[PDB]
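Coming up is one lone chain in structure tokens, specifically the form deposited in one PDB entry.
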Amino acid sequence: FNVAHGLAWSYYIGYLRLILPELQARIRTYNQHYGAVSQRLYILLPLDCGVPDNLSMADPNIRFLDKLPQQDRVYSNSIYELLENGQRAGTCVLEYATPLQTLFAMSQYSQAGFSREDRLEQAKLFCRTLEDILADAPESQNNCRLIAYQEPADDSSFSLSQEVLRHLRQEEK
């Protein structure tokens, strides 16, 4: 019923609690060897549940730089540069919360019992649950940040790059 609760816990249990303890060392290794990449995993949480199929960002101000190197479990995490009026303004490890894509897909399948008009409610519950987990989680040692956003309801202009930079600059301050 409250499907997003279980998905948040699973996402923590089966992914975040495994990848997050080794992230800082992977980033410090990249910053030593291969314009420093910021220390946290930035997790994009579009409340419209729109995650591109290729996991690629359409915003040309969010430009793919490189894969993080590894620490039988291969983790593909991407480093992006954030541009603002033509200028490199930040560099971070960025990815979508893929369980939101699962909410979207469930809403499309007749036998999932997941109404199309419940995506927003479930997305918000996913965000709330995940933020509550991360607040009491030992593997989160200042190494992920949740970026939840809804684009304007009138379909006015939205900048995902500006959304991310606001969060990065809060961590600067």
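In this text, rigid core is short for the largest set of C-alphas that superpose within 1.5 Å between two forms. The first residue of the sequence shown is number 1, and the count goes up from there.
Undergrad: Checking the other compared PDB entries, only those that cover the residues flanking it, does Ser156 lack coordinates in at least one third?
TA: Affirmative; at least a third of those entries omit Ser156.
Undergrad: Do a third or more of the other compared entries leave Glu81 out of the model?
TA: No, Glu81 is modelled in every other compared entry.
Undergrad: How many residues sit between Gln71 and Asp72 in the deposited sequence but have no coordinates: none, 1 to 3, 4 to 9, or 10 or more?
TA: In the record, 4 to 9 residues between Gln71 and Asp72 lack coordinates.
Undergrad: Indicate whether the chain is continuous between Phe64 and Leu65 or, if not, how many deposited residues are absent from the coordinates: none, 1 to 3, 4 to 9, or 10 or more.
TA: Per the deposited record, the segment joining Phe64 and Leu65 has no missing residues.
Undergrad: Comparing average C-alpha B factors as deposited, tell me which of 125-133 and 23-31 sits higher.
TA: It is 23-31.
Undergrad: If you average the CA temperature factors over each stretch, which comes out higher, 100-108 or 55-63?
TA: Here the higher of the two C-alpha B-factor means belongs to 55-63.
Undergrad: Going by the CA temperature factor in the entry, name the top one among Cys144, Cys49, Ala36, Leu44.
TA: In this record, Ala36 carries the highest C-alpha B-factor of the candidates.
Undergrad: With respect to C-alpha B-factor, does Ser10 fall in the lowest, middle or highest third of the chain as deposited?
TA: Bottom third by C-alpha B-factor.
Undergrad: Against its chain's modelled residues, does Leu16's Cα B factor rank lowest, middle or highest third?
TA: Lowest third.
The form deposited in another entry exists for this protein as well; it is not shown, and the discussion that follows is about that form.
Undergrad: Tell which of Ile133, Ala112, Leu146, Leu65, after superposing on the rigid core, has its C-alpha displaced by 2 Å or more between the shown form and the other one, please.
TA: The listed residue whose C-alpha shifts by at least 2 Å is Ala112.
Undergrad: Given that the shift is 3 Å or more, do the Cα atoms of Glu131 and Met57 end up closer or farther apart in the other entry than in this form?
TA: Compared with the shown chain, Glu131-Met57 is farther in the other entry.
Undergrad: Between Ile62 and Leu55, does the Cα distance in the other entry come out closer or farther than in this form, changing by 3 Å or more?
TA: Note: Cα gap between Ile62 and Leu55 shrinks in the other entry.
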